[PDB]
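**Student:** Below are the structure tokens for one structure; questions will follow.
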2 protein chains.
Amino acid sequence: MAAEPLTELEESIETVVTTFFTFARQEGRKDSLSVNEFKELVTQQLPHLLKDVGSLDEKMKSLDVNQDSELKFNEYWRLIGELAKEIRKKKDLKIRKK
Amino acid sequence: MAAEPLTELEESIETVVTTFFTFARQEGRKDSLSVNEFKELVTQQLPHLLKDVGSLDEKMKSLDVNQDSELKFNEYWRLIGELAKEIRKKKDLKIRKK
Ligand SMILES: [Ca+2]
Ligand SMILES: [Ca+2]
Ligand SMILES: [Ca+2]
Ligand SMILES: [Ca+2]
């Protein structure tokens, strides 16, 4: 359900989970990102880093892929990954694979 | 002055990225964690979260889909999901939790 006490890495994985949760509460359902929580998060929280708040919709489609449009409790998480690499990885992903 | 703060999510991806990196560099290739390199994270800094510094092999196989014995940045990054999940999830089936 949630966290009793934490070491360093445990704190720093929490801080992003609480950010997730506090936003993700908004429309429906805290446990899933909804699309006026997600776009709010990129608009508000990410904007400098995810310098494409605009075409969130593409990232959403890429994230969701069951396409239930609940950005699920690890679909969503990927995003933090993309920012995590982005700092290192300006644009240079490409990939294409079925 | 300089020493300008970044957005909350920038701060938090950096703090985990730097931690990652100081392990990523331990052995060959300052991006990939090899087996020992990987085990060092859990062994050193992750006692409560994934209380299993035994079957790190299981995690490794679950993580390194290609089984190259390098968790590249993005492969390693998987763990952070399982962490960010566990802190909420942990054993939401039996325990309980806390
Ligand atoms: Ca929601
Ligand atoms: Ca979904
Ligand atoms: Ca290495
Ligand atoms: Ca690999």
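Identifiers for the structure tokens are assigned positionally: chains receive A, B, ... in sequence, residues are indexed from 1 per chain, and ligands are indexed from 1 in the order shown.
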Within 9 Å of ligand 1 (counting only C-alpha atoms and all ligand atoms), which residues show up? I'd like them as a PyMOL selection string.
**Tutor:** chain A and resi 21+23-38+70-71
**Student:** Please identify every residue of chain B that has at least one atom no more than 6 Å from any atom of chain A, counting only C-alpha atoms, and report them as a list in words.
**Tutor:**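 Residues of chain B within 6 Å of chain A, counting only C-alpha atoms: residues 13, 84, 87, 88, 89, 97 and 98 of chain B.
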**Student:** The selected residues should be written to file as a PDB file, in the first residue's frame (atoms: C-alpha atoms).
**Tutor:**
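As written to disk, part18.pdb reads:
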```
ATOM      1  CA  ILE B  13      16.368  11.994 -12.016  1.00  0.00           C
ATOM      2  CA  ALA B  84       9.111   2.802  -7.405  1.00  0.00           C
ATOM      3  CA  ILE B  87       7.488   1.181  -2.299  1.00  0.00           C
ATOM      4  CA  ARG B  88       3.708   1.283  -3.026  1.00  0.00           C
ATOM      5  CA  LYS B  89       3.126  -2.340  -4.066  1.00  0.00           C
ATOM      6  CA  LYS B  97       1.829  -2.768   4.069  1.00  0.00           C
ATOM      7  CA  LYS B  98       3.844  -0.519   5.287  1.00  0.00           C
TER       8      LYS B  98
END
```
**Student:** What does the C-alpha RMSD come to when chain A is least-squares superposed onto chain B, all C-alpha atoms paired in sequence order?
**Tutor:**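 The fitted C-alpha deviation between chain B and chain A is 6.0 Å.
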**Student:** Ranking B:39, B:72, B:61, B:51 by minimum distance to ligand 4 and counting only C-alpha atoms and all ligand atoms, which one comes first?
**Tutor:**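 Closest to ligand 4, using only C-alpha atoms and all ligand atoms: B:72.
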